[PDB]
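Colleague: Quick one: the structure is below, questions incoming.
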Amino acid sequence: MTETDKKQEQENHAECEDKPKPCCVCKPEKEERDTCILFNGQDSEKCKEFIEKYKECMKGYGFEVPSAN
C-alpha cells in the first residue's frame, strides 16, 4: 500500500536517465501502427488492432486525437 512505499527508497542517487515519462501518450503503439500501415495496412484488418490501441491511449491521455502528429 502507499505507506509500504512512501518512506524513502535509497536505490539510486545517480539519476542518469534524464527522460521524463508522462505516461499514456501513444509513442510505441503509434510507431507500431504506422509500421503496420507501411507493411500491409492502409485499410487492412491487420491494422485495426493498432488503430484501436492508438485511440484509447490518447483518449486516456486527454486528447480526442491530436491536431496533426
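Colleague: Given the residues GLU15, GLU52, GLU31, which is the only one that is without any contact (Cβ under 8 Å) to a residue 24 or more places away in the chain and either of a type in the set (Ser, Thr, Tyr) or loosely packed, with under 10 Cβ neighbours inside 10 Å (or both)? Lay out the reasoning, then the answer.
Modeller: Numbers: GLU52 fails: either of a type in the set (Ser, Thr, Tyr) or loosely packed, with under 10 Cβ neighbours inside 10 Å (or both); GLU31 fails: either of a type in the set (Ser, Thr, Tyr) or loosely packed, with under 10 Cβ neighbours inside 10 Å (or both).
After applying the criteria, what remains is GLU15.
Colleague: Going by the structure shown, is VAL25 on the phi > 0 side of the Ramachandran plot and surrounded by 12 or more Cβ atoms within 10 Å (Cβ to Cβ)?
Modeller: Numbers: on the phi > 0 side of the Ramachandran plot: yes; surrounded by 12 or more Cβ atoms within 10 Å (Cβ to Cβ): yes.
Criteria met by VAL25.
Colleague: Report those helices (runs of 4 or more DSSP H) wholly inside region 1-67 carrying at least 1 residues which are of a type in the set (A, V, I, L, M, F, W, C).
Modeller: Numbers: elements: 2-5, 27-40, 48-61.
Answer list for region 1-67: 27-40, 48-61.
Colleague: Can you tell me which residues in region 34-48 are surrounded by 13 or more Cβ atoms within 10 Å (Cβ to Cβ) and in contact with a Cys (Cβ under 8 Å, 6 or more places away or on another chain)?
Modeller: Once the filter is applied, which keeps residues that are surrounded by 13 or more Cβ atoms within 10 Å (Cβ to Cβ) and in contact with a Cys (Cβ under 8 Å, 6 or more places away or on another chain), region 34-48 yields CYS36, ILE37, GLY41, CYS47.
Any read-out appearing in this document is the output of simple, stated calculations on the displayed coordinates, not a laboratory observation. Please note: Cβ atoms are built from the backbone with ideal geometry, for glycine as well, and neighbour counts cover all protein chains shown.
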